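Below are two forms of the same protein chain, given as structure tokens: structure 1, then structure 2.
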Structure 1
């Protein structure tokens, strides 16, 4: 009937998923406890489910789309493969949020020279397949300890000698006196689709959503810069701030000496050149938002 999208029930990843859908024009009036939501303007249903359950729903084709971390997706792919299955899906887009590293970590006091220091250790993780593959590949024997949450407390708790867990800022490792020693997997959120072909109408909607997703991602760190400069300085200013193609050049009232120039720029690059712009005579410099860009 309607296109079905599975998203995470909780975490920063869930909030960013809802925001992405909203920016892609999916209106939804969603109670905190509602597990199935129905878009009010598009034929789309949103299913809020535990992250670890999303890959299996996509593998089995009972939802159409999913937003999920690569780590969770591959963990579950490996699990299904280990049982003799052949899970498949389509990767539509690697997204610009949910960034993390799956890393081996040890108490700060422990001595680490190389990977062989994990030989024979109990290692606590929520990703036992990803860990198993890596340790097999490197020929390191270890004892697995599967924990669903609070993995960082396992060494202190004496449930394990070490951990393999997700790191973003590194604050959680530090708070628990752990040192990140080896990155085994890098992940971000991705948008995936079931393998079996959709109806023409559903696929057409996916295509429309994907155009907007690309628009959002393209605009993400970019702003629309406006400024005034002497006409004679056009070339110097263009060399510093080129725009996505070339500056727009706009007349100013009763002024034949100066113009307004407009350029799209990544914001951090703008700030890195702002003083040189002033040195070349730029004034009244404005930074405006861009919600979507299509190049």
Structure 2
């Protein structure tokens, strides 16, 4: 077909945010939970809703054009196919601002953990054998792999393994099974990827247009509009504290020769630490306003 094909997760932790991103990029569509393919009404785009496990392979095989997938799953599949002698490839278009999670080694609460060497020779249960293997090789630790495709935290209490390597964000399931997180081995986030084989000129131009929108949407979520007063003597430090998307606008203050007004757009979000550092450097009247849309 002439229409651009984008694979996203049908249901799971990435689904809502994947749809939201596309929608905020002006891709109008009607999604019914039972329908596995949504057709955009205003753009030549088909959204395929599939299991996240299959997204890397669909992209590697060139059967969809774009995909939104967690880095962890993308790499685990890439490594697996490489280990079977294949040469999977893809283009990473953008690391996205959701799907944050980590892959961590965990042990029974009772165990005494001092360092990574404590895993030497242990049986380790995981749904991510390749990612675990690569990390253990890099650190020169021998172990016995036990692959489980789910319910990984059962393994120690059930004597299937001595430890686990599992995905975590909150920590809940670990506590419930008498386990403690001990070492983060991998950090992941959602990515937007593209198949390796060149698209048609028209499809590629549509991807280019979307990508500009994606960057815009993400940048608007992170960036803030900042207004503050700064002493002229401290301007360079203040700017170093708050990196901007462009050069700051500097305006004279009418009744005041020692200070200036600074208007700028931050590259990153403003945390209280930064607000406090700015005040320490002599900044005052600091205002941070939200931005709904932007385009550099």
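Residue numbers count along the first chain shown, from 1. In this text, rigid core is short for the largest set of C-alphas that superpose within 1.5 Å between two forms.
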query	finding
Single mover in 177, 196, 199, 82, with Cα shift of 2 Å or more between structures 1 and 2 when the core is superposed	177
Flag for residue 273, CA shift 2 Å or larger between structures 1 and 2 after aligning core	yes
Did residue 249 shift 2 Å or more between structures 1 and 2, C-alpha, core superposed	yes
Core-aligned CA displacement of residue 144 at least 2 Å between structures 1 and 2	yes
C-alpha positional change at residue 154 between structures 1 and 2 - rigid core reference, Å	3.4
Value in Å for the CA shift of residue 8 between structures 1 and 2, taken after the core is superposed	0.5
Cα shift between structures 1 and 2 at residue 289, which is computed once both forms share a superposed rigid core (Å)	4.3
